[PDB]
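K.L.:
What follows is a structure written as structure tokens; I'll ask about it next.
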Amino acid sequence: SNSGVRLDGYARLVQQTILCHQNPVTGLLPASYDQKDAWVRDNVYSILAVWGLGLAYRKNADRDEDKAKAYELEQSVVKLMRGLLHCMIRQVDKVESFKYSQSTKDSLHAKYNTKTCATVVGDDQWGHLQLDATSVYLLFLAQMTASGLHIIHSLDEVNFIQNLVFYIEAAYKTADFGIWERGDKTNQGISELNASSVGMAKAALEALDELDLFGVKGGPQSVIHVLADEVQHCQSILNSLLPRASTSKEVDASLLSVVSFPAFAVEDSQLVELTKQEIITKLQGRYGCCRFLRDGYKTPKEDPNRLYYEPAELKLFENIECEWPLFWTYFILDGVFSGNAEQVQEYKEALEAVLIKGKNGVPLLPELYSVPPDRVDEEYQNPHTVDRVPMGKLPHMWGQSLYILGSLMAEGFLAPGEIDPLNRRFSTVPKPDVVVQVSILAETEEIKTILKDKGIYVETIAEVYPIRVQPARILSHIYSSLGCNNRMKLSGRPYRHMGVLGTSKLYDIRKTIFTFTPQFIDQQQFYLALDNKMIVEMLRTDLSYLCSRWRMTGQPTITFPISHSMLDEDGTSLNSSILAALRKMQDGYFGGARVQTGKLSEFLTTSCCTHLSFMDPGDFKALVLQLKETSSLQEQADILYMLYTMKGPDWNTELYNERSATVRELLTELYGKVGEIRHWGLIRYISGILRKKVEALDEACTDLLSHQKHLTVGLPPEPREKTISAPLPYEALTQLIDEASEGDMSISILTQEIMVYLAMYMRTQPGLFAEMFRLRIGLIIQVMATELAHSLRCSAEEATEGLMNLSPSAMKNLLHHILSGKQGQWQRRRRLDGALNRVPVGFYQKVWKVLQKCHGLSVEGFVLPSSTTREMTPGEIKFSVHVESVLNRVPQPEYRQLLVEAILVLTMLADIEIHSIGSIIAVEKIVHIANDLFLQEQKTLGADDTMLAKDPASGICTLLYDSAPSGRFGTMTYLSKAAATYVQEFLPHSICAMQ
Amino acid sequence: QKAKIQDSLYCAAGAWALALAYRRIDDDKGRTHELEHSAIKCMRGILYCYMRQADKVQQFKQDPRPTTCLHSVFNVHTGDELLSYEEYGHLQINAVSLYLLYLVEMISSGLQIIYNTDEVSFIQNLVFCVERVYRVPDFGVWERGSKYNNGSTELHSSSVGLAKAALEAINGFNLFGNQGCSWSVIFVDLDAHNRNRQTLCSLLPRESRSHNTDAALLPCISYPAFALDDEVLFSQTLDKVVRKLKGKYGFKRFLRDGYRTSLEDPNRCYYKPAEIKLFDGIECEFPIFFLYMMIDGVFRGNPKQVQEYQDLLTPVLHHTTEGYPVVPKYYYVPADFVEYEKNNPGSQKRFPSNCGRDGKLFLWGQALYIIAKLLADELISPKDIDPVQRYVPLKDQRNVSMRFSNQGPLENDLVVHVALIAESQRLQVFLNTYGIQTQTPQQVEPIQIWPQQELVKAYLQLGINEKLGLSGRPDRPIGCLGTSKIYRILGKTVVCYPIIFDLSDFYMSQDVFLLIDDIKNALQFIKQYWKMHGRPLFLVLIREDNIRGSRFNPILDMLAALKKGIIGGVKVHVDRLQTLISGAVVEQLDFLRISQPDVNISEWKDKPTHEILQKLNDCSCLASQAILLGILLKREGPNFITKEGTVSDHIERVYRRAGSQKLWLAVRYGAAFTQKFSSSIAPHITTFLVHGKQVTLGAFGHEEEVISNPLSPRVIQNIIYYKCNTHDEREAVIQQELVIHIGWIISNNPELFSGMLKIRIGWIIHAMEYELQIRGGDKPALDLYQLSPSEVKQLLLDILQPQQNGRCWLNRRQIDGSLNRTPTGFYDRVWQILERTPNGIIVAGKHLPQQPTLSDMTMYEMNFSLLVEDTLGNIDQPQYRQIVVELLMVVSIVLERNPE
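Read top to bottom, the protein sequences are chains A and B. If you want my numbering, it's the position in the first sequence, counting the first as 1, plus 1. Numbering follows my numbering, in which position 538 of the second sequence is assigned residue number 531; successive positions increment by one, without gaps.
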């Protein structure tokens, strides 16, 4: 039959192409060419064609010979998988070291060896950080296990896989070198985040949710357990940074793999179409496409025997990116997968023209086509016009295997439902909604009586003896024991916080029902849970978030017990906010989700249940006396702090002759009486002494960083100012915050609070951060202090004391008011704008445009050369930070605003004239000339001297600051006149203005 | 960081047995899966470790030696070698055979271990390398080998038995499991299996020459091997081992075994002489053999033995903290009972070893214990643990393959088919005129007849791999049993005839009596050692030059006897070849498609080259031509050019002409010139060595070389050719004919050579020369170089006769002394004399002190006999030696009859 002949031809092709270099025993093919190495990604990718051929042969075998062929293919791919797994399992020490903290030195090697599976290079001669390879390996391992090919034999391998799951679970906040092993855009590799790694890791994490490695004949302990919060975080990160691969690359063709056949992890198909169209418009060429803009690989320049690209990429690597047909061969598979046919034929016809015929007349895919070294000038004027020639190695197993698999799939022998048995092709189907269940409990009989007074029927903590409730930290400590082994030196999952997605589900521990309360009602960590409105808003946000995704099965369950702190001052009734929240929970509409209340008895029959099997059994004495006798919280806090700093970090004060009362002990019991008075004047002080740290700070920091913003900690000036431009570990971030905060102590708590508020508000309303590029905490706090001082008309110390006393909700309200933006009226506005440096949305583009027609813009001696226009691009961050550094030389915010206005008016006026100034423009001279003209006009009008005053240290009339921008008497006209006069001063006696 | 191969394999087998037992439950909750996966992982790891070393296998395939031996000990963490071969030997073949047997057993069970086709090639090369284990000595199971422990290798019967069992198991089996067409089969040679069986049978009563008995003989005649299918001899060996090695706390390794005893010290790897005498009486006890005995008992269906061994094993067993059973490795005696135990054997109590309380265990012992307990508890059946049916009872040994014939065990009435093919049409019609029916090769057009070299080349082409580098099956001649089958090459049937019929450069192939005898011997060999299904095929060819006029009658006699139907008690059948071919199973080889003289030496030595050339040109006598060619070769060289081409070509032509004319002296001279040797000396020397005798190669009255261990053909050839260049001219061919005749006679009449230990060809040559001279009497003695092969054979058989009266007793004594014959029981009589001789015995100036021989050797040890023979070999006159031996026998008898 024709099918048999086609299968025989494909088998001959794959045998002659890939299987000829299998390297028996080891099972790992060489990574092409005469390199004598084995890359993990290529080894994983070069097996899909063989797997598909075996799958196609198996269903139509019905014969002894075809049975033998399919058996050989499956056994060979199994051997390759085992050989790949051996190299990773030989390096358990690196995985264990990487499980705690994140560093480049404790990472698995990216290039393993041939026979004997040894190491070839050290830890300082290559970039050994590739999460995508491990993610794709795990995803394909799960897919093959679902297919029915045994790859796992021993139970210790299950523990190793569980450890690797935690090894790759932190990819959403870990920076790696990248798929291209070249760090960021330029050389001298610096670790940075990219969307490809998280996109590859999310699908791998999702695949191993409940897939057993022992097949249909497994047991209780055969399934890998994964969480759900990490998947949601990765999805959010990918959605935030979908259009751009990273913060340094505008677009990368590697995003195709994420949004195509391997590892479908995407939503909002409009984004898929947008990124596909962008890639097609930007990277398409004549015989292929480029990886990314400005790459110099295999170029007649760059001196290839030299690494660490010098910062001289002006035009030496522009429009000469060679080609890469891999993105072309991905498109045919992407089209043929879901529903496209005409695109498949078009891409196949395009690809057949670029093919090269070698020995025995078989398809061969070249790596890249290099531009001729002589015809380089023509390409600069006529891009994508000059013919190219092949260059470099071309035994590309990856592209050849992908093309063979695509051709086999298009031939119709195999169906799309066989390659993926997990049904990952239906990720674009909308989910309508989810109903949320909420249970209400009373802490004691008094609370139950109070709720039954108002008509709310609940049950106490008792009477439900079969069901028990404990906080979520116990759940985290219990989870910290999964996948632990003593012989192999494995410590299990490290301790981490638990989200709402984990506590919602029910749990089974030794034939018992367990329920865990949400984390945000914890009072022994921070004071954020001491405010009722705060509790209400976090509850609403958590309800909305839980109702949003809920990608699990069954209805969720939330337990919200009422504590003693939720009552009023008299302790005889619940607060108005609490009763309003419960009444809104009733009637099935609260926040932005449907809420149904009841009793735990009914929710038991319909709720997700999780079975846990790993838990189954296998003179200071005078000072102390003064402390005892004295009263008032101020004196107690002062003496406790002094004794702690002097002699009592852990020393016993001996205050009680019977019980040894430590300094930490007394400080902790101080919280009990501090909480009752609700005195927000020393609770922050004592929290600073105890050095309490807010949980989930690192995720907030990475969320703030992912929005293309630069963070800053500390008060000015520099070097004390820091700049966190990359994510940092929790301990490193805490120590950096402490060093920036110095000995003021409370500054660290205030900065953490402000960061929490900013992270919370960014998600809800990501539109108020426009016109801002760099966030400085110290300037923000100074702004709040100055605003409070103005509002209360008091001294700075009184304003700071009032700000410290302010409730956290009041602090949030003040921050929102400041961010929204809602003599003495115009000067205050100018001062605020200069302090927050709210530049317009297109200032940098106009600056670049005017720079293109002059030699530079000098400010108070410092000059910005015009040669920078060709070394950078307007979209590049370095240009923006350079202009900001040039601008912020003056300390006065009013001067900064005047500088900005004068620059903008100069850019506007430059459009009318068509000429080149060819000279340095000093804007301070423009401002001084405009001020002199305004002074002369006001003197001509007849104003007395008192009105036309002089500033103490700037020489600019305060009435000029008071002047409105527009109008017939505004500063804009004076600035324009001064700019025109200066331009005429350096013009060849002719303007020739025309528009 | 050290690991063996036996313990891991035994643990894997125990895990597989436990999983097989657990398979019987449909709700096993994956317990069986873990055990199958662990066994598969262990097998894969061992296979990877074996295939890691590839150069050593290729080297061992050509020149086996301890240097080229495969390593057996390596690091566990990375699977790499750790300790040098100069401190462990690394020569052990039992492990490979046991691994192959367990692997084929597991594959037949239903497991999968082989991935691709390269593993098939590796298994084929492993089989090829292990096929030649019957000659190379091993280091033994215990790694010590000799009891003296000096650094010598010896033959072990257990290794031969295990290799034979693996060879039987691996024959004709699909390695891929359920599915397989032509790329999962293994080919075996019957000659190697036959030789292994002969070696096992010859060396079965005694495990080794230096060991009377050993406990290592148990796992080879038991469940792991099940290779002794003799019943009476197996029972005798079992009774002997039980009687001689039974102990209170278990079974000892062997007598006089100072293995990790109290007196042993960790400062001398090799034991000093006479230390073994001091080391007796403190031998350790190993209770692991109780489990093997219990397994044998349950396999044989004898519950009483199982109960008795369970009751014996109950008290010695230890317990853990949780009470889990413990099997300690060995038992030792404290130093305060070293001497008291010697007086009373076993009356005192021993002490447990370190691995009997906590922190140390014995995985092999625990695995054997759990296997034995599982077998005893009836949780499984003997059929399940033996899917291949290694052990069969007496009533089923009727139609098995490779073990017993269809006629029954105690029956031998096989009928062999014989095919008659002519050579020429004239010979065919000449035979037909006398009533003889033969068919010309031109009338069997569908059938083709090929020589033996084609099959050897086809076998050589097999087993070649390019990824690793494989040379395939070595170029070795194929035995008669292999050629007795019919093959199919490229769709064409291939038949071959035995190597006796092809033209041979030697001279005895022209004597028809030798051909009659050798075809009769081949027929007897086929009758005795044929076990395949289907009647064997025999091909005979008759050549026109064979009759040669007057020599045409006895050929008629043999062929008429063949037509009658019976040849010396052997039944034969004759018919057309095509009729026999049809309806018969044909072997398939499918790999190919996939892939007095007037010249004296002294007188003519100084003659010039031109004179010698002219004399050669104008002379017609054969002897003068041969001597002139020899002088030219010695003086000028083999590359010289004469009137008839090169010197070598002229020598070959004159040698062939002499063979055609059959003048024996010239043929022998030419054969000596051509430096040709027979390809059967190695089997003869190896069977002589395995028998217990010794052979020495040399000339009478000159230097002689003694051989005590098997050697490569190259070294023996070089030694004999150097000796031949030293002393004489034609002694090479005479020695070859004598050795082939002696080997044939001892193979067909072993009882004839009884009483002789050292076989010397030169002394036997002098013996028949003297006898022929005596027979000649007044007539001058005939030269032995001109004797026909039949006359030489008759003379050798006449001298080999036990001799009778009538002739002079001096001649009889001379013949007996020349043959080095010794009376039966002479060695034991000498030993008893030495025991009752306080001073010693001095002969020919040699001294035999009593203390070292009594403190080193024992009653039946062969090295004491070797020392006695060396002492007695200094006698020059053989008659004097015979008289001395008779006097020694008389002294022994007289002294034994009276102890006063």
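Note that beta-carbon positions come from the ideal geometry of N, C-alpha and C, so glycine has one too.
By the criterion of Cβ-Cβ separation under 7 Å, what are the contact partners of B/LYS265 in chain A?
P.N.:
Under the 7 Å cutoff, chain A gives no residues; its nearest Cβ is about 42 Å from B/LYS265.
K.L.:
Check whether the Cβ atoms of A/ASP94 and A/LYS490 sit closer than 9 Å, and answer yes or no.
P.N.:
Contact flag set, yes.
K.L.:
Need the endpoints of the alpha helix (DSSP H) that A/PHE621 sits in, please.
P.N.:
First-last of the alpha helix (DSSP H) with A/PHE621: 621 to 630.
K.L.:
For A/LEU228, which option in A/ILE420, A/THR663 and A/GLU207 has the closest C-alpha, if you only look at C-alpha atoms?
P.N.:
Of the listed residues, the one whose Cα sits closest to A/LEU228 is A/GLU207.
K.L.:
Compare the beta carbon distance of A/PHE178 and A/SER197 with 9 Å and say whether it is the shorter of the two.
P.N.:
No, these two residues do not count as a Cβ contact at 9 Å.
K.L.:
Compute the Euclidean distance between the alpha carbons of A/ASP9 and B/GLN46, then round it to the nearest angstrom.
P.N.:
Straight-line Cα distance between these residues: approximately 35 Å.
K.L.:
Does the beta-carbon of A/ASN838 have 16 or more other beta-carbons within 10 angstroms, so that it is buried, or is it exposed?
P.N.:
Buried, by the Cβ-count rule.
K.L.:
For A/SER549, report the span of its alpha helix (DSSP H) as first-last.
P.N.:
First-last of the alpha helix (DSSP H) with A/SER549: 533 to 549.
K.L.:
Taking the continuous alpha helix (DSSP H) assigned at A/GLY599, which residues delimit it?
P.N.:
No alpha helix (DSSP H) holds A/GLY599; the beta strand (DSSP E) holding it covers 596 to 599.
K.L.:
Label A/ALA623 either buried or exposed according to how many other C-beta atoms from any shown protein chain fall within 10 Å of its C-beta, with 16 as the threshold for buried.
P.N.:
By the neighbour-count rule (16 or more Cβ atoms within 10 Å), A/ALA623 is not buried but exposed.
K.L.:
Less than 9 Å separating the beta-carbons of B/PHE283 and B/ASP250?
P.N.:
Cβ distance not < 9 Å, so B/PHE283 and B/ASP250 don't count as in contact.
K.L.:
Can you give me the C-alpha to C-alpha distance between B/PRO402 and B/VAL126, rounded to a whole angstrom?
P.N.:
For B/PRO402 and B/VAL126, the distance between alpha carbons rounds to 28 Å.
K.L.:
Would you grab the beta carbon distance between A/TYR348 and A/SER261 for me? Rounded to a whole angstrom, and I think it's under 8 Å.
P.N.:
Their Cβ separation, rounded to whole angstroms, is 12 Å, which puts A/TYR348 and A/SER261 out of contact at 8 Å.
K.L.:
Taking the CB atoms as reference points, tell me whether A/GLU211 and A/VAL224 lie closer together than 9 Å.
P.N.:
A contact, by the Cβ cut-off of 9 Å.
K.L.:
Would B/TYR778 and B/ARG723 be called neighbours here (beta carbons separated by less than 9 Å)?
P.N.:
Yes, Cβ-Cβ distance for B/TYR778 and B/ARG723 is below 9 Å.
K.L.:
Looking at chain B, which residues of the region 12 to 46 of chain A have a Cβ within less than 7 Å of any of its Cβ atoms?
P.N.:
Correct list: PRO25 and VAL26.
K.L.:
What residue range is occupied by the uninterrupted beta strand (DSSP E) comprising A/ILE563?
P.N.:
Segment: none, A/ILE563 is in no beta strand (DSSP E) and carries neither H nor E.
K.L.:
So is A/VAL79 in contact with chain B if we call contact Cβ pairs under 9 Å?
P.N.:
It does: the Cβ of A/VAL79 has a partner Cβ on chain B nearer than 9 Å.
K.L.:
So what does DSSP say about B/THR192, is it helix, strand or coil?
P.N.:
Here B/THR192 sits in helix by DSSP.
K.L.:
Under 8 Å, with one C-beta from each stretch per pair, do the region 408 to 415 of chain B and the region 56 to 64 of chain B reach the 3-pair mark?
P.N.:
The region 408 to 415 of chain B is not in contact with the region 56 to 64 of chain B.
K.L.:
Measuring straight from C-alpha to C-alpha, what distance separates A/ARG584 and A/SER726?
P.N.:
Going by the C-alpha atoms only, they are around 46 Å apart.
K.L.:
Does DSSP classify A/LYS283 as helix, strand or coil?
P.N.:
Residue state, collapsed to three classes: helix.
K.L.:
Taking Cβ-Cβ distances shorter than 8 Å, what residues in chain A pair up with B/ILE33?
P.N.:
By Cβ distance, chain A contributes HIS154.
K.L.:
Using the three-state DSSP reduction, which class does A/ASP509 fall into: helix, strand or coil?
P.N.:
Correct three-state label for A/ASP509: strand.
K.L.:
Taking its Cβ as the centre, do 16 or more other Cβ atoms sit within 10 Å of A/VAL217, making it buried, or is it exposed?
P.N.:
So A/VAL217 counts as exposed.
K.L.:
Between the region 99 to 124 of chain B and chain A, which residues of the former have CB atoms less than 7 Å from a CB of the latter, in chain order?
P.N.:
Result list: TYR108, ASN109 and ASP111.
K.L.:
Using the rule of at least 16 other Cβ atoms within 10 Å of the residue's Cβ for burial, across every protein chain shown, is B/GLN870 buried or exposed?
P.N.:
Label assigned to B/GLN870: exposed.
K.L.:
I'd like the ranges of any alpha helix (DSSP H) spanning at least 4 consecutive residues and lying wholly in the region 615 to 658 of chain B.
P.N.:
DSSP runs (the alpha helix (DSSP H)) wholly in the region 615 to 658 of chain B: 615 to 628 and 640 to 654.
K.L.:
Here's the rule: buried if 16 or more other CB atoms are within 10 angstroms of the residue's CB, otherwise exposed. What is A/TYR496?
P.N.:
By the 10 Å Cβ count, A/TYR496 comes out exposed.
K.L.:
CA-CA distance, B/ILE100 and B/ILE106?
P.N.:
The straight-line gap from Cα to Cα measures roughly 7 Å.
K.L.:
If you measure between the beta carbons of B/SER151 and B/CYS213, is that distance less than 9 Å?
P.N.:
Result yes, Cβ atoms of B/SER151 and B/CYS213 sit closer than 9 Å.
K.L.:
When the Cα of A/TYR657 is compared with those of A/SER808, A/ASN806, A/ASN486 and A/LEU667, which residue comes out closest?
P.N.:
Closest by alpha carbon: A/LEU667.
K.L.:
How far does the beta strand (DSSP E) with A/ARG469 in it extend, from its first residue to its last?
P.N.:
Taken as a continuous stretch (DSSP letters only), the beta strand (DSSP E) holding A/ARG469 covers 468 to 471.
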